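Following full-length UniProt numbering, the numbering of the first sequence begins with 2 at its first residue and continues without gaps. Even for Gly, the Cβ is constructed at its ideal location relative to N, Cα and C.
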Amino acid sequence: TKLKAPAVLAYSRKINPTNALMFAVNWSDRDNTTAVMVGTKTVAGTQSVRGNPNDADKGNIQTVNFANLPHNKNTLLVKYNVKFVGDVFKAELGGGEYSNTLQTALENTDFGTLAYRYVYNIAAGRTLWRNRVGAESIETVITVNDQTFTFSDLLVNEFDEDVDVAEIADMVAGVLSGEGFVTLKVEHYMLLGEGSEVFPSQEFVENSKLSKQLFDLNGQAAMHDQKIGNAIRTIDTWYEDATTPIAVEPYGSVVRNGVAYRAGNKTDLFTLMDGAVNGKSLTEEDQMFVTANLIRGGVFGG
RNA sequence: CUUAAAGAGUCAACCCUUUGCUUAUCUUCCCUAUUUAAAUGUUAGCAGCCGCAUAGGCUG
Numbered sequence: 002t003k004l005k006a007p008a009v010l011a012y013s014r015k016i017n018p019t020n021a022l023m024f025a026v027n028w029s030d031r032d033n034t035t036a037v038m039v040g041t042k043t044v045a046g047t048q049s050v051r052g053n054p055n056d057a058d059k060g061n062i063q064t065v066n067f068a069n070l071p072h073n074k075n076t077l078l079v080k081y082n083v084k085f086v087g088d089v090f091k092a093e094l095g096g097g098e099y100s101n102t103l104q105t106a107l108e109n110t111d112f113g114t115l116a117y118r119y120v121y122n123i124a125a126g127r128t129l130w131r132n133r134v135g136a137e138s139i140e141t142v143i144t145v146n147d148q149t150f151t152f153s154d155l156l157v158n159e160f161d162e163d164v165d166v167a168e169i170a171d172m173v174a175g176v177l178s179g180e181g182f183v184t185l186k187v188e189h190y191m192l193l194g195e196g197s198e199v200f201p202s203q204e205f206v207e208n209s210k211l212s213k214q215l216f217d218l219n220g221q222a223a224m225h226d227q228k229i230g231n232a233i234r235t236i237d238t239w240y241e242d243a244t245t246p247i248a249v250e251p252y253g254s255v256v257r258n259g260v261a262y263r264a265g266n267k268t269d270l271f272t273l274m275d276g277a278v279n280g281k282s283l284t285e286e287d288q289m290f291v292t293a294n295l296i297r298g299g300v301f302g303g
């Protein structure tokens with residue numbers, strides 16, 4: 002007993018998405034993909050900072066980025082490849098006095114549901130935060146091992162039953178429970194309207210710097226890989242007072258709301274893995290949450 | 001009323017010169033920095049035109 006957790010214990014990320022490159026298409030002209038360019042407009046304004054009152058007279062020529070659709074294409078296309086990898090129970094930096102006990106404590110994990118919610122967050126449009134808002138038509142095409150799947154009307158908040166997501170979830174759960182990998186090429190086509198302004202992900206700017214950096218690969222608007230990884234693991238409906246699916250965190254913590262849902266109420270990942278290697282009976286939902294964290298990965302040492 | 005009581009140490013100056021610390025050196029092998037992640041905080045305070053207004057209203 003009293004199997005104390007290793008200080009070096011970490012797990013690798015098992016859902017690896019690429020950067021979500023963003024293109025402009027039409028709804029019936031889906032093959033002509035023109036890359037959405039981040040424009041950048043200059044704004045003239047004096048600097049106002051707390052530490053330098055002497056520098057407020059002149060300076061701060063700032064040039065803020067923006068990204069709209071072109072005025073001939075009404076559909077935004079978002080392309081990214083989500084790579085699910087198996088052996089989520091292998092610790093990369095941990096070892097096997099604790100990670101092997103985790104293997105033999107989370108073998109009864111229903112990966113079917115875990116994978117369903119992953120592919121449902123892929124398909125329903127959780128990966129399209131501010132640009133699925135106000136779109137009159139949502140479409141998702143998933144290409145997986147030469148199989149094409151079409152999704153039109155999936156409400157993203159609840160994980161309802163559709164056999165299309167389920168079909169992919171099968172091979173995704175077979176990867177995650179076993180050994181190997183699977184790759185889902187996900188292209189989202191959302192009809193926002195003619196010249197509607199799109200929403201790339203944001204680089205962190207300083208309190209000063211410029212107003213807003215949109216995410217650029219080679220000049221073209223895109224969204225962060227870790228931001229999509231936040232979308233995919235947004236499956237946590239099993240904490241106490243669970244209203245909406247949150248991103249599976251080791252503490253159940255969302256930064257933008259200023260509260261942590263699983264911290265400080267004995268449902269955090271660390272107490273559940275210590276309970277697993279000390280062998281108390283877990284329910285299915287918290288064990289699924291622990292396996293979702295191990296799929297997410299991260300260093301758990303102290 | 002304290003070995004109480006009391007007291008001017010003054011002055012002057014050439015340290016000189018000289019010098020060979022040289023000699024030769026194998027630092028050297030060895031090797032996992034690894035795994036995560038929403039930037040949120042309304043993230044913008046505009047473009048015309050109605051006017052004498054840098055007063056006050058309207059338009060999207």
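{"Query": "Among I62, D30, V199 and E108, nearest to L70 - alpha-carbon criterion", "Result": "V199"}
{"Query": "Whole-number beta carbon distance between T114 and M289, since they are thought to touch under 8 Å", "Result": "7 Å"}
{"Query": "Own chain residues within Cβ distance below 8 Å of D287, not counting five before or after", "Result": "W239, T268 and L273"}
{"Query": "Classification of residue 1 by the beta-carbon crowding that lies within 10 angstroms, buried from 16 upward", "Result": "Only positions 2 to 303 of the chain appear in this structure, which leaves residue 1 out of reach."}
{"Query": "Under the three-state DSSP convention, the category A21 falls into", "Result": "strand"}
{"Query": "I236 in three-state terms, based on DSSP", "Result": "coil"}
{"Query": "Option nearest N266 by Cα separation, candidates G253, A222 and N17", "Result": "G253"}
{"Query": "Segment contact, 8 Å Cβ cut-off, at least three pairs: the stretch 96-107 with the stretch 19-37", "Result": "no"}
{"Query": "Classification of residue 309 by the beta-carbon crowding that lies within 10 angstroms, buried from 16 upward", "Result": "In the structure as shown, the chain starts at 2 and stops at 303, and residue 309 therefore has no counterpart that could be examined."}
{"Query": "For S138, the nearest candidate out of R263, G276 and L78 (CA to CA)", "Result": "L78"}
{"Query": "Within the stretch 189-262, ranges of the alpha helix (DSSP H) (whole runs, at least 4 residues)", "Result": "226-233"}
{"Query": "Cβ-based burial, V187 [other Cβ within 10 Å; buried from 16]", "Result": "buried"}
{"Query": "Backbone CA spacing between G276 and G299 [nearest angstrom]", "Result": "19 Å"}
{"Query": "Nonlocal neighbours in the same chain, by C-beta distance under 8 Å from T47, ignoring five residues either side", "Result": "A57, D58, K59, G60 and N61"}
{"Query": "Start and end residues, beta strand (DSSP E) containing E140", "Result": "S138 to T144"}
{"Query": "Coil, strand or helix - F160 by DSSP", "Result": "coil"}
{"Query": "Beta-carbon gap between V249 and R234 smaller than 8 Å", "Result": "yes"}
{"Query": "For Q288, three-class secondary structure by DSSP", "Result": "helix"}
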